[PDB]
Amino acid sequence: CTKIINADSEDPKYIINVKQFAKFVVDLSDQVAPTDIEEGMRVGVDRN
Amino acid sequence: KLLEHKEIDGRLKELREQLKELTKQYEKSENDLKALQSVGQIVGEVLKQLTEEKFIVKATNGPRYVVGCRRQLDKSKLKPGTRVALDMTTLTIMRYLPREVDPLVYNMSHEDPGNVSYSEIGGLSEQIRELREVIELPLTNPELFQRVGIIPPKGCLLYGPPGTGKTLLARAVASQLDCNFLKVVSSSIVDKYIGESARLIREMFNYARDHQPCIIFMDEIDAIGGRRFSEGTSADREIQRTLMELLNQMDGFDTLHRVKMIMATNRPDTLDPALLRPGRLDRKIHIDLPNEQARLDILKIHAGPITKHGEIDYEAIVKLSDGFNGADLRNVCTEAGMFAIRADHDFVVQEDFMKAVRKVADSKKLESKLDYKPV
Amino acid sequence: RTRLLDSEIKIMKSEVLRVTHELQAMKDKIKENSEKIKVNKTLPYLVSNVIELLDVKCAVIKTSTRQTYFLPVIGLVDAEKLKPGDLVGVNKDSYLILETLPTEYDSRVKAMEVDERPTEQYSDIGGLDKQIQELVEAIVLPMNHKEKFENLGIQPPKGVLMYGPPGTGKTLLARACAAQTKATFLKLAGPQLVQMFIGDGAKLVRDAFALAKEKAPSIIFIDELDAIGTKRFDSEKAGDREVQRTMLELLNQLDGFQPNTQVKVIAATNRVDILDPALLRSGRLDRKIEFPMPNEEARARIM
Amino acid sequence: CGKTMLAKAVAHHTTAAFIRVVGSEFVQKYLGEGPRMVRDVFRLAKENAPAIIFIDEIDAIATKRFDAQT
Ligand SMILES: Nc1ncnc2c1ncn2[C@@H]1O[C@H](COP(=O)(O)OP(=O)(O)OP(=O)(O)O)[C@@H](O)[C@H]1O
Ligand SMILES: Nc1ncnc2c1ncn2[C@@H]1O[C@H](COP(=O)(O)OP(=O)(O)O)[C@@H](O)[C@H]1O
Ligand SMILES: [Mg+2]
Ligand SMILES: [Mg+2]
């Protein structure tokens, strides 16, 4: 699990944050909608 | 007749245009077909030299490594102390590098387009030439101090009540150098990390040794300055470490030359006397409340671009002006137009100034009235 | 008609070259886009910070894995739009920068911004119409009639303060004007600029005033300023400092070096004697107004 | 009171190896760089010569109170 910094317009292109490590541009899965992926939220995130 | 020749060539030129334009569009993306293959060159530093091929480095990451180099890249030039570039895979030094500029300092250097001048300031010209004496005179003429036989001072500071022009003076100085005037807010230099608050004081002044005629300005030192403590909270430990790095970096084991430090504060009471030492801080410039002539001066400065009518007795404004700042006269000239903004008078009548002084005057009844004499 | 067949034959040869030309570049796009979507399907972007841009053209960055990297070749972003101190999305293995990521804004700063418009109207506020009037004209008119202040020509006023007994209505005007103007309203709590680690409240100041710098129609509110605005004191052996750090960047960052007229400050306290007079100067907080107790008629009006 | 100046004069007229460290630089960001930075200086004083270490602003390191929570 991680923490979301923010999204951007027109695209998913999420900005993620973790405990100590760096910050990534990440994406959804197909199992969830982009509705409740609101900013400042903890999400479970695969390792690869 | 060749009349049908030019009618034919019109499809030939635009025929080749479909080659040239889309071929250039394939060329601009053809640069990225191989241009996206560069691999990093881990930023390191040369510790010493063991043999001609046995070198020894340490990254900005962690541990110390033993490394080789390329046989064509001037191994004699690899001095202990330089910043070099590495290999990620086989760990060999690829290319010597210049010094770093640590972009907080690059974004400290030249981001002020403030073009205020000495014409704008008024009333403290003795302190203007007095402050000029350290930063402009020996920077242009060292030979008089060399013949007399005394070294010019290192740095000086500015103290007084708030709103006497202490920031405005340094901004008037800031419209002169444009490359080697480094201005410090004394709050960007601290973070929650271990020694990064000290790394900034290291490499700002390393950059000051890099650019020899240079001015360091220090605004509101009371956050970082301090007197000392008997070690109450856990936060002021490393801040005292950050300050004691600064004091040794001022005049410890170094020819402090051509790097002139100008400081400023509102209270020189919460300061270290070791920082207030005449070895380190050489002159203490006292900026006081304006006199009647200087309030007349600042009044005529801020009274310039005001649509008025010529009946302004500036004497009476100064006469009710007792114990005023350099900015509250700008508040009076601002607020006479705040009387002019009602009843739609585009001009300014002479009465709204005496109304304005009678509002600004009792507006500052809630002031604290401290003089803050340096000790 | 002699040479028109030869020149028409050459032009037909040129169109016959144009067919394989558009086919040539139209075939040239596939192999380059196949690796373009290869470096774009590496969508996990390990963002970094642009340390420095060389001239011997090159660049050095630092990923937020605390890792420094030299690079000879920049990538898809050119050098001209970049500067030392930026932050970009970088490839993982090649460490090759790809995009340009816009801002660095904290989630607490994002929590400060309203999106609700709490509706209040001035006839819900009876018997304060002088302070209401001088409050509205000092803020709203530098947002709607700028050429009126430039007509005579003055710098507009900057920084209002309200003080008095804590029941006279101080939040009420802020929620009133927050319903009135259609600008970027931004509120603050008193001890919100108080942090455990050092420098975090100060960076929280410069991030908020960076965001209010970004929104050019925007005004800033502070509730209960005395939580951070305590007057300083000289003490050995003890004494806080970290609150006075953020207070000093509130002073300098508010007013002084590199000022601007884009935001207006609305500060709310009830007690004044605690406050450091450095923020009480003339220009950091211009219009200091008190809210007295209602005389008789406003007491009838409130009920 | 000539605290730095006397070390300048002795360091000028000395004939042995002089090692001159600044006592607020042992606080590196990384772990271990500090302690290794402590031990290799005295190792170089050992291997080098009958040498002289100089340390200034000892208050940056040797304080009285401590806190095993930061
Ligand atoms: N006598 C004066 N005449 C004209 N302008 C003045 C006068 N006094 C002050 N001012 C103006 O008012 C502002 C306040 O003065 P000054 O800049 O010296 O305060 P400061 O030292 O920057 O405050 P702080 O350092 O506490 O933030 C200045 O920018 C200056 O231009
Ligand atoms: N016109 C008015 N005059 C005085 N008080 C009012 C008026 N309208 C509403 N109030 C009440 O007074 C309060 C105003 O809040 P305020 O006095 O700013 O709180 P505090 O200053 O203690 O933080 C509101 O909670 C509201 O119920
Ligand atoms: Mg309130
Ligand atoms: Mg000394």
# chains A, B, ... in the order shown; residues from 1 in each chain; ligands from 1

call {"tool": "residues_around", "arguments": {"residues": "residue 180 of chain B", "least_positions_apart": "4", "cutoff": "9 Å", "atoms": "only C-alpha atoms", "output": "short mmCIF file (atom, residue, chain, number, x, y, z; two decimals) with N, CA and C atoms, in the first residue's frame"}}
result
data_model
loop_
_atom_site.label_atom_id
_atom_site.label_comp_id
_atom_site.auth_asym_id
_atom_site.auth_seq_id
_atom_site.Cartn_x
_atom_site.Cartn_y
_atom_site.Cartn_z
N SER B 109 20.46 32.80 -6.72
CA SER B 109 21.44 33.68 -7.32
C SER B 109 20.80 34.90 -7.98
N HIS B 110 19.98 34.67 -8.99
CA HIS B 110 19.69 35.70 -9.98
C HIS B 110 18.20 35.75 -10.30
N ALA B 208 30.74 31.22 -3.27
CA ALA B 208 31.32 32.53 -3.04
C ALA B 208 32.82 32.52 -3.27
N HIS B 211 33.10 32.63 -7.18
CA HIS B 211 32.95 33.94 -7.80
C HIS B 211 33.50 34.98 -6.84
N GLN B 212 34.69 35.49 -7.15
CA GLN B 212 35.49 36.16 -6.13
C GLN B 212 34.93 37.49 -5.65
N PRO B 213 34.57 38.50 -6.50
CA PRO B 213 33.93 39.69 -5.92
C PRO B 213 32.47 39.41 -5.64
N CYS B 214 32.07 39.22 -4.39
CA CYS B 214 30.70 38.80 -4.15
C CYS B 214 30.18 39.29 -2.81
N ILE B 215 28.86 39.44 -2.75
CA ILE B 215 28.15 40.00 -1.61
C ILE B 215 27.16 38.96 -1.11
N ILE B 216 27.23 38.66 0.18
CA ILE B 216 26.27 37.80 0.84
C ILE B 216 25.40 38.68 1.72
#

call {"tool": "residues_near_ligand", "arguments": {"ligand": "ligand 2", "cutoff": "8 Å", "atoms": "only C-alpha atoms and all ligand atoms", "output": "VMD selection string"}}
result
chain C and resid 124 to 128 165 to 173 223 to 224 268 to 270 294 298 to 299 301 to 302

call {"tool": "write_last_selection", "arguments": {"atoms": "N, CA and C atoms", "output": "compact mmCIF listing (two decimals), in the first residue's frame"}}
result
# COMPACT_ATOMS: atom_id res chain seq x y z
N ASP C 124 -27.53 39.46 7.11
CA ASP C 124 -27.41 38.60 8.28
C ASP C 124 -26.44 39.17 9.30
N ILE C 125 -25.81 40.30 9.00
CA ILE C 125 -24.83 40.94 9.87
C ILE C 125 -25.32 42.36 10.11
N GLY C 126 -25.92 42.61 11.27
CA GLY C 126 -26.50 43.91 11.55
C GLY C 126 -25.67 44.74 12.51
N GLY C 127 -25.53 46.02 12.19
CA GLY C 127 -24.90 46.97 13.10
C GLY C 127 -23.39 47.01 13.06
N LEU C 128 -22.78 46.66 11.93
CA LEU C 128 -21.33 46.68 11.79
C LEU C 128 -20.92 47.29 10.46
N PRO C 165 -13.51 41.58 21.11
CA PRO C 165 -14.05 40.46 21.88
C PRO C 165 -14.42 39.31 20.97
N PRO C 166 -14.22 38.07 21.41
CA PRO C 166 -14.34 36.92 20.49
C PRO C 166 -15.76 36.54 20.12
N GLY C 167 -16.77 37.29 20.54
CA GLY C 167 -18.14 36.98 20.18
C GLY C 167 -18.78 38.01 19.28
N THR C 168 -18.00 39.01 18.89
CA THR C 168 -18.52 40.12 18.10
C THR C 168 -18.66 39.79 16.62
N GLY C 169 -18.22 38.61 16.19
CA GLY C 169 -18.41 38.20 14.82
C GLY C 169 -17.15 38.46 14.03
N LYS C 170 -16.34 37.45 13.86
CA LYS C 170 -15.09 37.58 13.11
C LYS C 170 -14.97 36.54 12.02
N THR C 171 -15.40 35.31 12.29
CA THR C 171 -15.52 34.30 11.25
C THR C 171 -16.61 34.68 10.26
N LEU C 172 -17.63 35.40 10.74
CA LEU C 172 -18.84 35.67 9.99
C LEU C 172 -18.59 36.53 8.76
N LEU C 173 -17.73 37.53 8.87
CA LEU C 173 -17.39 38.34 7.71
C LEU C 173 -16.57 37.55 6.70
N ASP C 223 -7.10 32.51 10.66
CA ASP C 223 -7.86 32.52 11.90
C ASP C 223 -6.92 32.27 13.07
N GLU C 224 -7.06 33.10 14.11
CA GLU C 224 -6.36 32.98 15.40
C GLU C 224 -4.84 33.01 15.21
N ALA C 268 -7.46 37.35 11.58
CA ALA C 268 -8.48 37.41 12.62
C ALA C 268 -7.86 37.00 13.95
N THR C 269 -7.89 37.91 14.92
CA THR C 269 -7.51 37.58 16.29
C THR C 269 -8.52 38.21 17.24
N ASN C 270 -8.38 37.89 18.51
CA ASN C 270 -9.11 38.58 19.55
C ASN C 270 -8.23 39.37 20.50
N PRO C 294 -22.22 45.40 20.49
CA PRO C 294 -23.40 46.09 19.95
C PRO C 294 -24.08 46.98 20.98
N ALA C 298 -28.11 47.08 17.37
CA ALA C 298 -27.60 45.86 16.77
C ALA C 298 -27.92 44.65 17.63
N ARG C 299 -28.08 44.84 18.95
CA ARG C 299 -28.59 43.74 19.77
C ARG C 299 -30.02 43.39 19.41
N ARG C 301 -31.10 43.82 16.40
CA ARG C 301 -31.02 43.37 15.02
C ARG C 301 -30.56 41.92 14.92
N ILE C 302 -29.64 41.50 15.79
CA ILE C 302 -29.12 40.13 15.75
C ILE C 302 -30.21 39.14 16.13

call {"tool": "interface_residues", "arguments": {"of": "chain A", "to": "chain C", "cutoff": "8 Å", "atoms": "only C-alpha atoms", "output": "ChimeraX atom specification"}}
result
/A:5,21-27,40

call {"tool": "residues_near_ligand", "arguments": {"ligand": "ligand 1", "cutoff": "9 Å", "atoms": "only C-alpha atoms and all ligand atoms", "output": "short mmCIF file (atom, residue, chain, number, x, y, z; two decimals) with C-alpha atoms, in the first residue's frame"}}
result
data_model
loop_
_atom_site.label_atom_id
_atom_site.label_comp_id
_atom_site.auth_asym_id
_atom_site.auth_seq_id
_atom_site.Cartn_x
_atom_site.Cartn_y
_atom_site.Cartn_z
CA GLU B 120 13.96 56.02 -4.17
CA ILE B 121 15.54 55.75 -0.71
CA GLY B 122 15.99 59.01 1.16
CA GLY B 123 16.94 60.27 4.59
CA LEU B 124 19.90 58.05 5.57
CA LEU B 158 21.80 46.70 9.85
CA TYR B 159 19.60 47.07 12.90
CA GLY B 160 16.70 49.25 13.90
CA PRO B 161 12.93 49.36 14.18
CA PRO B 162 10.86 47.62 11.49
CA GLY B 163 10.03 49.66 8.41
CA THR B 164 13.04 51.93 8.33
CA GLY B 165 14.24 50.75 4.92
CA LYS B 166 16.51 47.87 5.91
CA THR B 167 15.17 45.60 3.18
CA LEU B 168 14.85 48.50 0.73
CA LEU B 169 18.53 49.40 1.12
CA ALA B 170 19.70 45.88 0.26
CA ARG B 171 17.31 45.90 -2.68
CA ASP B 219 17.92 39.00 6.12
CA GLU B 220 16.27 38.23 9.49
CA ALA B 264 19.93 42.84 9.01
CA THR B 265 17.63 42.34 11.98
CA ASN B 266 14.85 43.92 14.00
CA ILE B 287 19.00 52.89 11.45
CA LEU B 289 13.27 56.73 13.25
CA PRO B 290 13.34 59.64 10.79
CA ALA B 294 13.75 62.91 6.88
CA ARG B 295 9.99 62.51 7.33
CA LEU B 296 9.69 65.49 5.01
CA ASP B 297 11.99 63.59 2.63
CA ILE B 298 10.11 60.26 2.67
CA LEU B 299 6.84 62.22 2.52
CA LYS B 300 8.05 63.90 -0.66
CA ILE B 301 9.25 60.54 -1.98
CA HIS B 302 5.93 58.73 -1.63
CA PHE B 324 6.74 57.38 12.46
CA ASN B 325 8.30 54.68 10.28
CA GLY B 326 9.46 54.83 6.70
CA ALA B 327 6.47 52.83 5.48
CA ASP B 328 3.61 54.45 7.38
CA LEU B 329 4.18 57.63 5.40
CA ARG B 330 3.47 55.42 2.40
CA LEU C 248 9.77 35.11 10.37
CA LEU C 251 7.05 38.24 7.84
CA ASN C 252 9.55 38.13 4.96
CA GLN C 253 7.43 35.99 2.63
CA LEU C 254 4.47 38.25 3.43
CA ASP C 255 6.24 41.56 2.88
CA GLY C 256 9.75 42.75 2.12
CA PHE C 257 11.99 41.16 -0.48
CA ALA C 278 6.94 43.22 13.46
CA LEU C 279 3.75 42.05 11.72
CA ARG C 281 4.17 47.54 11.31
CA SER C 282 2.21 49.52 8.73
CA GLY C 283 2.42 47.56 5.51
CA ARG C 284 2.42 43.92 6.47
#

call {"tool": "residues_around", "arguments": {"residues": "segment 13-30 of chain C", "least_positions_apart": "2", "cutoff": "9 Å", "atoms": "only C-alpha atoms", "output": "MDAnalysis selection string"}}
result
(chainID B and resid 9 11:20 22:26 29:30) or (chainID C and resid 8:11 32:35)

call {"tool": "residues_around", "arguments": {"residues": "segment 36-38 of chain D", "least_positions_apart": "6", "cutoff": "12 Å", "atoms": "only C-alpha atoms", "output": "ChimeraX atom specification"}}
result
/B:62-64 /D:21-28,30,44-45,53,55,61

call {"tool": "write_last_selection", "arguments": {"atoms": "N, CA, C and O atoms", "output": "PDB file, in the first residue's frame"}}
result
ATOM      1  N   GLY B  62      26.705   6.189  -0.696  1.00  0.00           N
ATOM      2  CA  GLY B  62      27.077   5.224   0.303  1.00  0.00           C
ATOM      3  C   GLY B  62      28.540   4.852   0.249  1.00  0.00           C
ATOM      4  O   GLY B  62      29.429   5.697   0.377  1.00  0.00           O
ATOM      5  N   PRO B  63      28.801   3.555   0.092  1.00  0.00           N
ATOM      6  CA  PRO B  63      30.123   2.999   0.396  1.00  0.00           C
ATOM      7  C   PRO B  63      31.229   3.464  -0.541  1.00  0.00           C
ATOM      8  O   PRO B  63      31.003   4.089  -1.580  1.00  0.00           O
ATOM      9  N   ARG B  64      32.451   3.138  -0.136  1.00  0.00           N
ATOM     10  CA  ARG B  64      33.649   3.489  -0.875  1.00  0.00           C
ATOM     11  C   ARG B  64      34.054   2.339  -1.787  1.00  0.00           C
ATOM     12  O   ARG B  64      34.003   1.170  -1.395  1.00  0.00           O
TER      13      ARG B  64
ATOM     14  N   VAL D  21      40.926  19.913  11.292  1.00  0.00           N
ATOM     15  CA  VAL D  21      39.569  19.510  10.949  1.00  0.00           C
ATOM     16  C   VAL D  21      38.582  20.488  11.556  1.00  0.00           C
ATOM     17  O   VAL D  21      38.863  21.170  12.548  1.00  0.00           O
ATOM     18  N   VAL D  22      37.423  20.566  10.925  1.00  0.00           N
ATOM     19  CA  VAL D  22      36.364  21.477  11.331  1.00  0.00           C
ATOM     20  C   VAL D  22      35.233  20.686  11.986  1.00  0.00           C
ATOM     21  O   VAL D  22      34.509  19.906  11.341  1.00  0.00           O
ATOM     22  N   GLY D  23      35.080  20.899  13.291  1.00  0.00           N
ATOM     23  CA  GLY D  23      34.344  20.000  14.156  1.00  0.00           C
ATOM     24  C   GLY D  23      32.835  20.041  14.072  1.00  0.00           C
ATOM     25  O   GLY D  23      32.150  19.616  15.004  1.00  0.00           O
ATOM     26  N   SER D  24      32.294  20.554  12.973  1.00  0.00           N
ATOM     27  CA  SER D  24      30.877  20.407  12.679  1.00  0.00           C
ATOM     28  C   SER D  24      30.657  19.710  11.345  1.00  0.00           C
ATOM     29  O   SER D  24      29.562  19.791  10.785  1.00  0.00           O
ATOM     30  N   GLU D  25      31.673  19.028  10.812  1.00  0.00           N
ATOM     31  CA  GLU D  25      31.482  18.307   9.560  1.00  0.00           C
ATOM     32  C   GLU D  25      31.335  16.805   9.727  1.00  0.00           C
ATOM     33  O   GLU D  25      31.121  16.108   8.731  1.00  0.00           O
ATOM     34  N   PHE D  26      31.406  16.293  10.953  1.00  0.00           N
ATOM     35  CA  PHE D  26      31.229  14.864  11.163  1.00  0.00           C
ATOM     36  C   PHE D  26      29.767  14.447  11.101  1.00  0.00           C
ATOM     37  O   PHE D  26      29.476  13.247  11.106  1.00  0.00           O
ATOM     38  N   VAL D  27      28.850  15.407  11.037  1.00  0.00           N
ATOM     39  CA  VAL D  27      27.415  15.106  10.958  1.00  0.00           C
ATOM     40  C   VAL D  27      27.070  15.000   9.477  1.00  0.00           C
ATOM     41  O   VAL D  27      26.525  15.911   8.850  1.00  0.00           O
ATOM     42  N   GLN D  28      27.362  13.837   8.911  1.00  0.00           N
ATOM     43  CA  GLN D  28      26.951  13.550   7.551  1.00  0.00           C
ATOM     44  C   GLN D  28      25.489  13.122   7.530  1.00  0.00           C
ATOM     45  O   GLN D  28      24.908  12.751   8.551  1.00  0.00           O
ATOM     46  N   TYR D  30      24.431  10.530   5.709  1.00  0.00           N
ATOM     47  CA  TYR D  30      24.440   9.080   5.682  1.00  0.00           C
ATOM     48  C   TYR D  30      25.013   8.531   6.978  1.00  0.00           C
ATOM     49  O   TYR D  30      25.850   9.159   7.630  1.00  0.00           O
ATOM     50  N   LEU D  44      45.226   8.359   9.839  1.00  0.00           N
ATOM     51  CA  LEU D  44      46.182   9.114   9.038  1.00  0.00           C
ATOM     52  C   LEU D  44      47.179   9.844   9.922  1.00  0.00           C
ATOM     53  O   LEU D  44      48.329  10.047   9.518  1.00  0.00           O
ATOM     54  N   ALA D  45      46.760  10.260  11.115  1.00  0.00           N
ATOM     55  CA  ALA D  45      47.700  10.792  12.089  1.00  0.00           C
ATOM     56  C   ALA D  45      48.656   9.725  12.587  1.00  0.00           C
ATOM     57  O   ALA D  45      49.810  10.035  12.893  1.00  0.00           O
ATOM     58  N   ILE D  53      46.525  16.915  15.643  1.00  0.00           N
ATOM     59  CA  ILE D  53      45.125  17.111  15.287  1.00  0.00           C
ATOM     60  C   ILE D  53      44.675  18.441  15.873  1.00  0.00           C
ATOM     61  O   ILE D  53      45.043  18.776  17.003  1.00  0.00           O
ATOM     62  N   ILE D  55      40.951  20.552  16.428  1.00  0.00           N
ATOM     63  CA  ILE D  55      39.495  20.513  16.375  1.00  0.00           C
ATOM     64  C   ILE D  55      38.957  21.823  16.935  1.00  0.00           C
ATOM     65  O   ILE D  55      39.351  22.247  18.029  1.00  0.00           O
ATOM     66  N   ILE D  61      29.675  18.948  18.719  1.00  0.00           N
ATOM     67  CA  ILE D  61      29.597  17.503  18.888  1.00  0.00           C
ATOM     68  C   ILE D  61      29.368  17.160  20.350  1.00  0.00           C
ATOM     69  O   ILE D  61      28.333  16.593  20.716  1.00  0.00           O
TER      70      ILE D  61
END

call {"tool": "select_by_dssp", "arguments": {"residues": "chain D", "states": "alpha helix (DSSP H)", "output": "PyMOL selection string"}}
result
chain D and resi 3-13+33-48

call {"tool": "write_last_selection", "arguments": {"atoms": "N, CA, C and O atoms", "output": "JSON list (two decimals), in the first residue's frame"}}
result
[["chain", "number", "residue", "atom", "x", "y", "z"],
["D", 3, "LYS", "N", 42.17, 32.54, 19.76],
["D", 3, "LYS", "CA", 42.00, 31.09, 19.80],
["D", 3, "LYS", "C", 42.35, 30.47, 18.46],
["D", 3, "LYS", "O", 43.08, 29.48, 18.39],
["D", 4, "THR", "N", 41.86, 31.07, 17.38],
["D", 4, "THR", "CA", 42.22, 30.59, 16.05],
["D", 4, "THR", "C", 43.64, 31.04, 15.69],
["D", 4, "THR", "O", 44.39, 30.29, 15.05],
["D", 5, "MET", "N", 44.03, 32.23, 16.15],
["D", 5, "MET", "CA", 45.29, 32.84, 15.74],
["D", 5, "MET", "C", 46.49, 32.09, 16.28],
["D", 5, "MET", "O", 47.51, 31.95, 15.58],
["D", 6, "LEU", "N", 46.40, 31.59, 17.51],
["D", 6, "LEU", "CA", 47.50, 30.83, 18.08],
["D", 6, "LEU", "C", 47.70, 29.51, 17.35],
["D", 6, "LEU", "O", 48.85, 29.09, 17.12],
["D", 7, "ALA", "N", 46.61, 28.86, 16.96],
["D", 7, "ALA", "CA", 46.71, 27.65, 16.15],
["D", 7, "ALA", "C", 47.27, 27.96, 14.76],
["D", 7, "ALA", "O", 47.96, 27.12, 14.18],
["D", 8, "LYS", "N", 46.99, 29.16, 14.24],
["D", 8, "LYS", "CA", 47.60, 29.58, 12.98],
["D", 8, "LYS", "C", 49.11, 29.73, 13.13],
["D", 8, "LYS", "O", 49.87, 29.32, 12.24],
["D", 9, "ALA", "N", 49.56, 30.31, 14.24],
["D", 9, "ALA", "CA", 50.98, 30.54, 14.42],
["D", 9, "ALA", "C", 51.74, 29.25, 14.68],
["D", 9, "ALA", "O", 52.84, 29.05, 14.14],
["D", 10, "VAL", "N", 51.17, 28.36, 15.50],
["D", 10, "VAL", "CA", 51.81, 27.07, 15.77],
["D", 10, "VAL", "C", 51.80, 26.21, 14.52],
["D", 10, "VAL", "O", 52.81, 25.57, 14.18],
["D", 11, "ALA", "N", 50.69, 26.22, 13.78],
["D", 11, "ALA", "CA", 50.60, 25.54, 12.50],
["D", 11, "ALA", "C", 51.52, 26.12, 11.44],
["D", 11, "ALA", "O", 51.86, 25.42, 10.49],
["D", 12, "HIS", "N", 51.92, 27.38, 11.59],
["D", 12, "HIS", "CA", 52.89, 27.99, 10.69],
["D", 12, "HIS", "C", 54.33, 27.63, 11.05],
["D", 12, "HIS", "O", 55.11, 27.30, 10.16],
["D", 13, "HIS", "N", 54.69, 27.68, 12.33],
["D", 13, "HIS", "CA", 56.06, 27.41, 12.73],
["D", 13, "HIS", "C", 56.30, 25.95, 13.06],
["D", 13, "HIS", "O", 57.39, 25.61, 13.53],
["D", 33, "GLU", "N", 29.32, 7.37, 7.75],
["D", 33, "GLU", "CA", 30.28, 8.32, 7.19],
["D", 33, "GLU", "C", 30.90, 9.16, 8.29],
["D", 33, "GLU", "O", 32.08, 9.53, 8.22],
["D", 34, "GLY", "N", 30.12, 9.48, 9.31],
["D", 34, "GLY", "CA", 30.61, 10.12, 10.50],
["D", 34, "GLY", "C", 31.65, 9.32, 11.28],
["D", 34, "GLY", "O", 32.75, 9.81, 11.51],
["D", 35, "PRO", "N", 31.31, 8.11, 11.74],
["D", 35, "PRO", "CA", 32.30, 7.30, 12.48],
["D", 35, "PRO", "C", 33.53, 6.91, 11.68],
["D", 35, "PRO", "O", 34.64, 6.92, 12.24],
["D", 36, "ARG", "N", 33.36, 6.55, 10.41],
["D", 36, "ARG", "CA", 34.52, 6.29, 9.56],
["D", 36, "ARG", "C", 35.35, 7.54, 9.37],
["D", 36, "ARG", "O", 36.58, 7.49, 9.41],
["D", 37, "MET", "N", 34.67, 8.68, 9.20],
["D", 37, "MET", "CA", 35.31, 9.99, 9.17],
["D", 37, "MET", "C", 36.05, 10.31, 10.46],
["D", 37, "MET", "O", 37.04, 11.04, 10.43],
["D", 38, "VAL", "N", 35.60, 9.78, 11.59],
["D", 38, "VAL", "CA", 36.35, 9.94, 12.83],
["D", 38, "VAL", "C", 37.61, 9.08, 12.81],
["D", 38, "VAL", "O", 38.71, 9.56, 13.09],
["D", 39, "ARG", "N", 37.46, 7.80, 12.45],
["D", 39, "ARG", "CA", 38.57, 6.87, 12.65],
["D", 39, "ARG", "C", 39.69, 7.04, 11.63],
["D", 39, "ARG", "O", 40.86, 6.83, 11.98],
["D", 40, "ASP", "N", 39.39, 7.43, 10.39],
["D", 40, "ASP", "CA", 40.44, 7.52, 9.39],
["D", 40, "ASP", "C", 41.34, 8.73, 9.58],
["D", 40, "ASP", "O", 42.47, 8.72, 9.09],
["D", 41, "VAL", "N", 40.84, 9.77, 10.25],
["D", 41, "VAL", "CA", 41.67, 10.93, 10.57],
["D", 41, "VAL", "C", 42.78, 10.52, 11.54],
["D", 41, "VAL", "O", 43.96, 10.83, 11.33],
["D", 42, "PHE", "N", 42.41, 9.80, 12.59],
["D", 42, "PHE", "CA", 43.41, 9.35, 13.55],
["D", 42, "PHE", "C", 44.27, 8.25, 12.97],
["D", 42, "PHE", "O", 45.43, 8.08, 13.38],
["D", 43, "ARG", "N", 43.73, 7.49, 12.02],
["D", 43, "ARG", "CA", 44.56, 6.52, 11.30],
["D", 43, "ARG", "C", 45.60, 7.22, 10.44],
["D", 43, "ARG", "O", 46.74, 6.76, 10.33],
["D", 44, "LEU", "N", 45.23, 8.36, 9.84],
["D", 44, "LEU", "CA", 46.18, 9.11, 9.04],
["D", 44, "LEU", "C", 47.18, 9.84, 9.92],
["D", 44, "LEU", "O", 48.33, 10.05, 9.52],
["D", 45, "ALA", "N", 46.76, 10.26, 11.11],
["D", 45, "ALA", "CA", 47.70, 10.79, 12.09],
["D", 45, "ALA", "C", 48.66, 9.73, 12.59],
["D", 45, "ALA", "O", 49.81, 10.04, 12.89],
["D", 46, "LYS", "N", 48.19, 8.48, 12.67],
["D", 46, "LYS", "CA", 49.05, 7.37, 13.05],
["D", 46, "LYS", "C", 50.08, 7.09, 11.96],
["D", 46, "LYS", "O", 51.29, 7.14, 12.21],
["D", 47, "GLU", "N", 49.61, 6.80, 10.75],
["D", 47, "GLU", "CA", 50.49, 6.38, 9.67],
["D", 47, "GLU", "C", 51.36, 7.52, 9.17],
["D", 47, "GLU", "O", 52.49, 7.29, 8.72],
["D", 48, "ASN", "N", 50.86, 8.76, 9.27],
["D", 48, "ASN", "CA", 51.52, 9.89, 8.63],
["D", 48, "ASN", "C", 52.83, 10.22, 9.32],
["D", 48, "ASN", "O", 53.92, 10.05, 8.75]]
